[PDB]
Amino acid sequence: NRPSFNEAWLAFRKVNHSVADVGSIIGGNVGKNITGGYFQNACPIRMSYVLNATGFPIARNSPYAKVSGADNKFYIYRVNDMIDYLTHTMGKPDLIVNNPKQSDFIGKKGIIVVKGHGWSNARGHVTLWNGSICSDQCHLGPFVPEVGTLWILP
């Protein structure tokens, strides 16, 4: 099944910090790589934290690049990998929206994926959405969203 919304939202908050702080929180190889500056985009790491924390851990043999935290659980560090991981584990998405805007997602909550153009470091973003705002809203213009995808969390 899927992580409960409430547990997911709570888990995300623990790691809704600068990527350096995320490294201190999670530790292990996640922390070592952030300390070394190898990871600068915390987005897929936070999403991994959520899945790990809510009883839906990323499997070790999952076909995506990942590093372990001090918890001995696994953290995907590429956005594209995180997106693809969800496509393969979450089931059928509940909303798929071409040329999306935030107002298309009002009234529904869960895991949101937006893919678009305009960013130089990624094809898109993955976060949580509570029906009004994203969980990392405080960290987020020139990005033009092409496709919006939501998996509802109960």
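Numbers follow the displayed sequence, beginning with 1.
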| property | result |
| --- | --- |
| Residues with no coordinates between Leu140 and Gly141, taken from the deposited sequence as a class | 4 to 9 |
| Segment of higher mean CA temperature factor, 114-122 or 87-95 | 87-95 |
| Residue with highest C-alpha B-factor in the PDB entry, from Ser62, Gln40, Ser48, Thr127 | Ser62 |
| Chain third (lowest, middle, highest) by recorded CA B-factor, residue given as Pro44 | lowest |
| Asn1, C-alpha B-factor rank within chain (lowest, middle or highest third) | highest |
| Third of the chain, ranked by Cα B-factor, where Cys134 sits | middle |
| Where the record places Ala11 (Cα B-factor, split into thirds across the chain) | lowest |
